[PDB]
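See below for start02.cif, which holds mmCIF, N, CA and C atoms; chains and numbers go by the auth columns.
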data_run
loop_
_atom_site.group_PDB
_atom_site.id
_atom_site.type_symbol
_atom_site.label_atom_id
_atom_site.label_comp_id
_atom_site.label_asym_id
_atom_site.label_seq_id
_atom_site.Cartn_x
_atom_site.Cartn_y
_atom_site.Cartn_z
_atom_site.B_iso_or_equiv
_atom_site.auth_seq_id
_atom_site.auth_asym_id
ATOM 1 N N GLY A 1 -263.557 12.167 -85.919 0.00 1 A
ATOM 2 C CA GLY A 1 -263.024 13.492 -86.170 0.00 1 A
ATOM 3 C C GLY A 1 -261.532 13.576 -85.918 0.00 1 A
ATOM 4 N N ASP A 2 -260.742 13.147 -86.896 0.00 2 A
ATOM 5 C CA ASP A 2 -259.289 13.174 -86.774 0.00 2 A
ATOM 6 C C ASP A 2 -258.804 14.563 -86.369 0.00 2 A
ATOM 7 N N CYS A 3 -257.701 14.606 -85.630 0.00 3 A
ATOM 8 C CA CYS A 3 -257.134 15.870 -85.176 0.00 3 A
ATOM 9 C C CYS A 3 -255.927 16.260 -86.024 0.00 3 A
ATOM 10 N N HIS A 4 -255.816 17.549 -86.329 0.00 4 A
ATOM 11 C CA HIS A 4 -254.708 18.053 -87.133 0.00 4 A
ATOM 12 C C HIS A 4 -253.369 17.611 -86.550 0.00 4 A
ATOM 13 N N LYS A 5 -252.453 17.211 -87.424 0.00 5 A
ATOM 14 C CA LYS A 5 -251.132 16.763 -86.997 0.00 5 A
ATOM 15 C C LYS A 5 -250.293 17.939 -86.504 0.00 5 A
ATOM 16 N N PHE A 6 -249.286 17.640 -85.692 0.00 6 A
ATOM 17 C CA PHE A 6 -248.408 18.672 -85.151 0.00 6 A
ATOM 18 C C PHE A 6 -247.778 19.493 -86.273 0.00 6 A
ATOM 19 N N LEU A 7 -247.567 20.778 -86.011 0.00 7 A
ATOM 20 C CA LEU A 7 -246.972 21.673 -86.997 0.00 7 A
ATOM 21 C C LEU A 7 -247.716 21.590 -88.327 0.00 7 A
ATOM 22 N N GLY A 8 -249.033 21.419 -88.252 0.00 8 A
ATOM 23 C CA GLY A 8 -249.838 21.328 -89.456 0.00 8 A
ATOM 24 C C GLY A 8 -250.193 22.690 -90.020 0.00 8 A
ATOM 25 N N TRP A 9 -251.485 22.927 -90.220 0.00 9 A
ATOM 26 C CA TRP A 9 -251.953 24.198 -90.759 0.00 9 A
ATOM 27 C C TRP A 9 -253.213 24.665 -90.038 0.00 9 A
ATOM 28 N N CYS A 10 -253.137 25.837 -89.418 0.00 10 A
ATOM 29 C CA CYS A 10 -254.271 26.395 -88.692 0.00 10 A
ATOM 30 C C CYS A 10 -254.831 27.616 -89.415 0.00 10 A
ATOM 31 N N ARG A 11 -253.943 28.397 -90.022 0.00 11 A
ATOM 32 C CA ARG A 11 -254.348 29.596 -90.747 0.00 11 A
ATOM 33 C C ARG A 11 -255.448 29.276 -91.754 0.00 11 A
ATOM 34 N N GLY A 12 -256.547 30.022 -91.680 0.00 12 A
ATOM 35 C CA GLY A 12 -257.656 29.801 -92.590 0.00 12 A
ATOM 36 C C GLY A 12 -258.701 28.868 -92.014 0.00 12 A
ATOM 37 N N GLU A 13 -258.257 27.906 -91.212 0.00 13 A
ATOM 38 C CA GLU A 13 -259.164 26.943 -90.598 0.00 13 A
ATOM 39 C C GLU A 13 -259.357 27.246 -89.115 0.00 13 A
ATOM 40 N N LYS A 14 -260.532 26.907 -88.597 0.00 14 A
ATOM 41 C CA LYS A 14 -260.844 27.141 -87.192 0.00 14 A
ATOM 42 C C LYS A 14 -261.327 25.858 -86.521 0.00 14 A
ATOM 43 N N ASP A 15 -260.503 24.816 -86.586 0.00 15 A
ATOM 44 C CA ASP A 15 -260.845 23.533 -85.983 0.00 15 A
ATOM 45 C C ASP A 15 -259.883 23.194 -84.849 0.00 15 A
ATOM 46 N N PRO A 16 -260.311 22.280 -83.965 0.00 16 A
ATOM 47 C CA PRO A 16 -259.503 21.848 -82.820 0.00 16 A
ATOM 48 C C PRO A 16 -258.295 21.018 -83.243 0.00 16 A
ATOM 49 N N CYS A 17 -257.342 20.863 -82.331 0.00 17 A
ATOM 50 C CA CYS A 17 -256.136 20.092 -82.608 0.00 17 A
ATOM 51 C C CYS A 17 -256.092 18.825 -81.759 0.00 17 A
ATOM 52 N N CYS A 18 -254.981 18.101 -81.843 0.00 18 A
ATOM 53 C CA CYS A 18 -254.811 16.869 -81.083 0.00 18 A
ATOM 54 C C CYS A 18 -254.663 17.164 -79.593 0.00 18 A
ATOM 55 N N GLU A 19 -254.405 16.120 -78.811 0.00 19 A
ATOM 56 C CA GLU A 19 -254.240 16.269 -77.370 0.00 19 A
ATOM 57 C C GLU A 19 -253.012 17.117 -77.047 0.00 19 A
ATOM 58 N N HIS A 20 -253.164 18.026 -76.089 0.00 20 A
ATOM 59 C CA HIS A 20 -252.068 18.900 -75.684 0.00 20 A
ATOM 60 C C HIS A 20 -251.649 19.812 -76.834 0.00 20 A
ATOM 61 N N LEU A 21 -252.629 20.278 -77.601 0.00 21 A
ATOM 62 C CA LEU A 21 -252.361 21.159 -78.733 0.00 21 A
ATOM 63 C C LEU A 21 -253.420 22.252 -78.832 0.00 21 A
ATOM 64 N N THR A 22 -253.071 23.346 -79.503 0.00 22 A
ATOM 65 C CA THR A 22 -253.991 24.464 -79.672 0.00 22 A
ATOM 66 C C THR A 22 -253.796 25.136 -81.027 0.00 22 A
ATOM 67 N N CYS A 23 -254.876 25.233 -81.795 0.00 23 A
ATOM 68 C CA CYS A 23 -254.824 25.853 -83.112 0.00 23 A
ATOM 69 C C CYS A 23 -254.211 27.249 -83.033 0.00 23 A
ATOM 70 N N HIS A 24 -252.962 27.366 -83.472 0.00 24 A
ATOM 71 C CA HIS A 24 -252.262 28.646 -83.452 0.00 24 A
ATOM 72 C C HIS A 24 -252.626 29.484 -84.673 0.00 24 A
ATOM 73 N N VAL A 25 -253.257 30.629 -84.432 0.00 25 A
ATOM 74 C CA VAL A 25 -253.660 31.522 -85.511 0.00 25 A
ATOM 75 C C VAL A 25 -252.457 32.246 -86.104 0.00 25 A
ATOM 76 N N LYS A 26 -251.667 32.872 -85.239 0.00 26 A
ATOM 77 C CA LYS A 26 -250.481 33.601 -85.675 0.00 26 A
ATOM 78 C C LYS A 26 -249.515 32.678 -86.410 0.00 26 A
ATOM 79 N N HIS A 27 -248.930 31.736 -85.678 0.00 27 A
ATOM 80 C CA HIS A 27 -247.987 30.788 -86.262 0.00 27 A
ATOM 81 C C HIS A 27 -248.608 30.069 -87.455 0.00 27 A
ATOM 82 N N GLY A 28 -249.789 29.495 -87.245 0.00 28 A
ATOM 83 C CA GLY A 28 -250.469 28.783 -88.312 0.00 28 A
ATOM 84 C C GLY A 28 -250.269 27.283 -88.227 0.00 28 A
ATOM 85 N N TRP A 29 -250.178 26.768 -87.007 0.00 29 A
ATOM 86 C CA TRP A 29 -249.983 25.338 -86.794 0.00 29 A
ATOM 87 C C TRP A 29 -250.131 24.984 -85.318 0.00 29 A
ATOM 88 N N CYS A 30 -250.748 23.837 -85.048 0.00 30 A
ATOM 89 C CA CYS A 30 -250.953 23.383 -83.678 0.00 30 A
ATOM 90 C C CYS A 30 -249.621 23.253 -82.942 0.00 30 A
ATOM 91 N N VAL A 31 -249.567 23.793 -81.730 0.00 31 A
ATOM 92 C CA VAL A 31 -248.355 23.737 -80.922 0.00 31 A
ATOM 93 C C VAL A 31 -248.639 23.142 -79.547 0.00 31 A
ATOM 94 N N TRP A 32 -247.600 22.607 -78.915 0.00 32 A
ATOM 95 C CA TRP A 32 -247.736 22.005 -77.594 0.00 32 A
ATOM 96 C C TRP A 32 -248.289 23.013 -76.591 0.00 32 A
ATOM 97 N N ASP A 33 -249.117 22.531 -75.670 0.00 33 A
ATOM 98 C CA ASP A 33 -249.712 23.391 -74.654 0.00 33 A
ATOM 99 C C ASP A 33 -250.284 22.561 -73.508 0.00 33 A
ATOM 100 N N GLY A 34 -250.021 22.997 -72.280 0.00 34 A
ATOM 101 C CA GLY A 34 -250.516 22.282 -71.118 0.00 34 A
ATOM 102 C C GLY A 34 -249.478 21.350 -70.526 0.00 34 A
ATOM 103 N N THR A 35 -248.521 20.933 -71.349 0.00 35 A
ATOM 104 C CA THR A 35 -247.467 20.031 -70.902 0.00 35 A
ATOM 105 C C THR A 35 -246.182 20.794 -70.599 0.00 35 A
ATOM 106 N N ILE A 36 -246.014 21.185 -69.341 0.00 36 A
ATOM 107 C CA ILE A 36 -244.827 21.921 -68.923 0.00 36 A
ATOM 108 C C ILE A 36 -244.719 21.972 -67.403 0.00 36 A
#
Please rewrite the model in this file as structure tokens.
Amino acid sequence: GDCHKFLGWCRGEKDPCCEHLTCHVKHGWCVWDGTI
């Protein structure tokens, strides 16, 4: 189950992202999270 690439496309889809990422509904692309 490959993970969506960074700054990909989340809008319309409801699937998980790569490590340290979260499907952004508003923006519409996986963004960094947890690493700070």
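Of the residues under consideration (A:36, A:31, A:23, A:18), A:18 shows the shortest atom-to-atom contact distance to residue 4 in chain A when counting all atoms listed in the file.
Here the PyMOL selection byres (((chain A and resi 11 and name CA) around 7) and name CA) matches the residues residues 9, 10, 12, 13, 25 and 28 of chain A.
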Taking the file as shown, what set of residues would the PyMOL selection byres (((chain A and resi 2 and name CA) around 10) and name CA) give back, as a list in words? residues 1, 3, 4, 5, 16, 17 and 18 of chain A
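Between atom N of residue 21 in chain A and CA of residue 6 in chain A lies a distance of 8.8 Å.
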Could you pull out the strand (DSSP E or B) residues of chain A, going by DSSP on the backbone, and write them as number ranges by chain? A: 4, 17, 21-22, 31-32
If the PyMOL selection byres ((chain A and resi 32) around 6.5) were run on this exact file, what residues would it hold? Put them as a ChimeraX atom specification. /A:20-22,30-31,33-35
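Our summary of the geometry notes that atom N of residue 8 in chain A is positioned 4.7 Å from atom C of residue 29 in chain A.
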Find the axis-aligned box for range 15-24 of chain A, covering all its listed atoms and adding 5 Å on each side, and write its centre and edge lengths in Å to one decimal as AutoDock Vina command-line options.
--center_x -256.2 --center_y 22.8 --center_z -81.1 --size_x 19.2 --size_y 23.4 --size_z 20.9
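Here CA of residue 27 in chain A is placed at a distance of 10.0 Å from atom N of residue 7 in chain A.
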